[PDB]
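Chains as they are written, first to last, in the authors' numbering: chain C, 1 to 52, 52A, 53 to 82, 82A to 82C, 83 to 100, 100A to 100E, 101 to 127, 131 to 213; chain S, 303 to 400; chain D, 1 to 213. Every residue gets a Cβ at the ideal spot worked out from N, C-alpha and C, and that includes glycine.
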Amino acid sequence: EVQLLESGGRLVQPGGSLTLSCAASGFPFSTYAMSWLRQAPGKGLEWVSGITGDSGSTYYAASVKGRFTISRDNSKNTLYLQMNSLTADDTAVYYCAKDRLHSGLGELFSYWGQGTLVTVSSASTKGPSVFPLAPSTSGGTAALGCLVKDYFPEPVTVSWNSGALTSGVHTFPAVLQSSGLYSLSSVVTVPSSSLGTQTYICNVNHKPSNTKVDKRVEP
Amino acid sequence: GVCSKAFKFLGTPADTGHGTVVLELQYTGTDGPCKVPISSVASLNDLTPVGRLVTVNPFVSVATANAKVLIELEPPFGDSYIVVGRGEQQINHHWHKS
Amino acid sequence: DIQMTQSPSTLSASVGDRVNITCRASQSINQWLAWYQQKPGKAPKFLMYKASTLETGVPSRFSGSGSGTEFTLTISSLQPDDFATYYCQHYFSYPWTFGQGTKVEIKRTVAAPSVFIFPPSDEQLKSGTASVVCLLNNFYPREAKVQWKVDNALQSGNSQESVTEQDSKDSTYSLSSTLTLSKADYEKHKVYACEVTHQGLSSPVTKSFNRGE
């Protein structure tokens, strides 16, 4: 049915600019009002802007008036969001939303896209270094993992054995270190008797920096 | 721009005897001068203006609150709806002519 | 600007309970209130509008009431598909405003964590940095304290925690704490330990190690 795909989120330095796009499919995009919304990491939802579909009226939140601009290309079923003068408090996941009724004002949001991540910071793009967590512990099973440390910006995806290991696997949310670099860990509990027969590798993938590191874990 | 605040119906849509209908709307908001979003449609899912608007481009002239405006509309013969406003607070009034 | 406030911010219930989530407004909103649902790492889902009308496809165990300034969402039979965070939103005036959100959490029996400690990898040591990881796995409830002790001394600083989401299999939590330290300061000490305190533990659990052994 309905699909809203956002793209354009990336890292930009404070004061810079960035444009977001949102390709829509499954409904008469020309007759439905669209809206941009944002959610800061670990925080609540926030309405940003809306547009009528006829491009006859635009609405903006107080914190973005004069800074942001909403638009749309009905012939391409694409919603746009031009962002200027980006401060640090603009770091959030920006969502694309479809109005419930046609010919509306964007008064509510009946369908959301997966959202794109916009990061406003002075730090530069850096890949991570994957350090192993050796299974020395001995609580119930062998506890081992990997430490995806000192990367920027988010996100990072970690898999085990190229996806062949998902039972008892915990990937923790990244923490923002004082150096402005993120760092997370991905552990997995496995039968301690299998510490001499099973090979473990983490599939770390940092797309912003074009990084793909595989680390073998051994005692 | 168009008046994006909701309207209140001060009186029910009346019949003039000229084949047209008349309704007086009160504008709640104070958004300044804005166009009145009123149209005559055949159904609630396709807002095709099947009714000619007699009052040429109704407007909210003043920039204050509780401004009343008189609008005249010619609905088509048979079943029809009179739509005032947009969004979820859009009021739909079924009208029947002759 | 209407401010929306939800209460409580967290409720812990079991599968099958009936739950109410209140959402209040600073001004009077007749019935122009909506409800949204959001699970972690996922986009919000539109549940109700007009504070009582269900969106199509939403299960009938969801229902709403309230008018003017106070509203309640009701889940008459809590299913695993329903444990998430719920947001209310008004559409009375121009600045559409959401609530704080309310996290509905699975309630289960108390479970003591399994505490694992990891010395810094010798590969990281070549970079001039040493990180000590203290892992707490499969504990309930979420509240837990980790205490880093260097040579049995209360070390504070350069320590960050991270908690996973509630597991979809056993409804437990997991904690990860990292003690990042330079190789110079790291070699200037011998004993590294984390002292874990949890509700399911009748006494603290200290996992330690010495440099080399």
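Between the CA atoms of residue j and residue i - distance to the nearest angstrom
| i | j | result |
| --- | --- | --- |
| residue 82A of chain C | residue 36 of chain C | 15 angstroms |
| residue 64 of chain C | residue 182 of chain C | 47 angstroms |
| residue 386 of chain S | residue 5 of chain C | 34 angstroms |
| residue 99 of chain C | residue 344 of chain S | 16 angstroms |
| residue 52A of chain C | residue 58 of chain C | 12 angstroms |
| residue 78 of chain D | residue 146 of chain D | 33 angstroms |
| residue 55 of chain C | residue 49 of chain C | 14 angstroms |
| residue 125 of chain D | residue 113 of chain D | 29 angstroms |
| residue 374 of chain S | residue 32 of chain C | 28 angstroms |
| residue 365 of chain S | residue 331 of chain S | 9 angstroms |
| residue 119 of chain D | residue 180 of chain C | 15 angstroms |
| residue 108 of chain C | residue 90 of chain C | 6 angstroms |
| residue 164 of chain C | residue 123 of chain C | 15 angstroms |
| residue 166 of chain C | residue 142 of chain D | 14 angstroms |
| residue 154 of chain C | residue 206 of chain C | 13 angstroms |
| residue 403 of chain S | residue 346 of chain S | The structure shown does not extend to residue 403 of chain S, since chain S is modelled only from 303 through 400, so no value can be given for it. |
| residue 60 of chain D | residue 19 of chain D | 14 angstroms |
Nearest neighbour of residue i, chosen from the options [CA to CA]
| i | options | result |
| --- | --- | --- |
| residue 66 of chain D | D:148, D:21, D:85, D:81 | D:21 |
| residue 141 of chain C | C:132, C:59, C:120 | C:120 |
| residue 46 of chain C | C:88, C:72, C:115 | C:88 |
| residue 133 of chain C | D:141, D:166, D:142, D:134 | D:134 |
| residue 106 of chain C | D:41, D:58, D:186 | D:41 |
| residue 57 of chain D | D:47, D:194, D:64 | D:47 |
| residue 146 of chain C | C:117, C:168, C:212 | C:117 |
| residue 390 of chain S | D:199, D:30, D:24 | D:30 |
| residue 349 of chain S | S:394, S:327, S:324 | S:394 |
| residue 148 of chain C | C:124, C:178, C:100C | C:178 |
| residue 94 of chain C | C:85, C:100A, C:156, C:101 | C:101 |
| residue 208 of chain D | D:175, D:149, D:170 | D:149 |
| residue 144 of chain C | C:137, C:136, C:175, C:158 | C:175 |
| residue 154 of chain D | D:141, D:143, D:191 | D:191 |
| residue 194 of chain C | C:114, C:22, C:186 | C:186 |
| residue 206 of chain D | D:105, D:37, D:115 | D:115 |
| residue 21 of chain C | C:104, C:125, C:199, C:97 | C:104 |
| residue 197 of chain C | C:212, C:191, C:166, C:159 | C:159 |
| residue 333 of chain S | S:368, S:316, S:320 | S:368 |
| residue 11 of chain D | D:107, D:63, D:96 | D:107 |
| residue 101 of chain D | D:109, D:89, D:110 | D:89 |
| residue 340 of chain S | S:316, S:305, S:400, S:379 | S:305 |
| residue 184 of chain C | D:202, D:137, D:109 | D:137 |
| residue 15 of chain D | D:76, D:157, D:211, D:85 | D:76 |
Residue i, enclosing beta strand (DSSP E) - first and last residue
| i | result |
| --- | --- |
| residue 199 of chain D | Element bounds for residue 199 of chain D: n/a, residue is neither H nor E. |
| residue 117 of chain C | Residue 117 of chain C -> no beta strand (DSSP E), and no H or E assigned at all. |
| residue 125 of chain D | It is not in any beta strand (DSSP E) - residue 125 of chain D instead sits in the alpha helix (DSSP H) that spans 122-125. |
| residue 34 of chain D | 33-38 |
| residue 173 of chain C | That residue, residue 173 of chain C, is in no beta strand (DSSP E); it is neither H nor E in DSSP. |
| residue 209 of chain C | 205-211 |
| residue 52 of chain D | Premise fails: residue 52 of chain D is in no beta strand (DSSP E) and is neither H nor E. |
| residue 136 of chain C | 136-145 |
| residue 163 of chain C | 163-165 |
| residue 50 of chain C | 45-51 |
| residue 82A of chain C | 77-82A |
| residue 130 of chain C | Within chain C, the sequence of modelled residues goes 127 then 131, so residue 130 of chain C has no position in this structure. |
| residue 10 of chain D | 10-13 |
| residue 386 of chain S | 380-386 |
| residue 20 of chain D | 19-29 |
| residue 106 of chain D | 102-106 |
| residue 118 of chain D | 114-118 |
| residue 37 of chain C | 32-39 |
| residue 152 of chain C | 151-154 |
| residue 370 of chain S | 369-376 |
| residue 13 of chain C | Premise fails: residue 13 of chain C is in no beta strand (DSSP E) and is neither H nor E. |
| residue 29 of chain C | Note, residue 29 of chain C: premise wrong, no beta strand (DSSP E); not H, not E. |
First and last residue of the uninterrupted alpha helix (DSSP H) at residue i
| i | result |
| --- | --- |
| residue 187 of chain D | 183-187 |
CB contact below 9 angstroms: residue i versus chain E
| i | result |
| --- | --- |
| residue 50 of chain D | The chain inventory of the structure shown lacks chain E, comprising the protein chains C, S and D. |
Unbroken stretches of the beta strand (DSSP E), 3 residues or longer, contained in the stretch 58-93 of chain D
62-75, 85-90
Interface positions of the stretch 20-38 of chain D facing chain S (Cβ-Cβ less than 9 angstroms), listed along the chain:
32
Quick one: complete alpha helix (DSSP H) runs, 4+ long, within the stretch 130-159 of chain D?
none
Using a Cβ cut-off of 8 angstroms, which residues of the stretch 179-212 of chain D contact any Cβ in chain S, in chain order?
none
Any beta strand (DSSP E) of 3 or more consecutive residues that is wholly inside the stretch 305-352 of chain S
309-311, 323-329, 340-343
Quick one, which residues of the stretch 76-94 of chain D are near chain S if we go by CB-CB under 8 angstroms, in chain order?
91, 94
Of all the residues that make up the stretch 157-171 of chain C, which are near chain D by a beta-carbon distance shorter than 8 angstroms?
164, 165, 166, 167, 168, 169, 171
Closer than 8 angstroms between beta carbons: that is the criterion. Which residues of the stretch 348-369 of chain S meet it against chain C?
349
Could you name the residues of the stretch 319-334 of chain S whose beta carbon sits closer than 9 angstroms to any beta carbon of chain D, in the order they occur along the chain?
none
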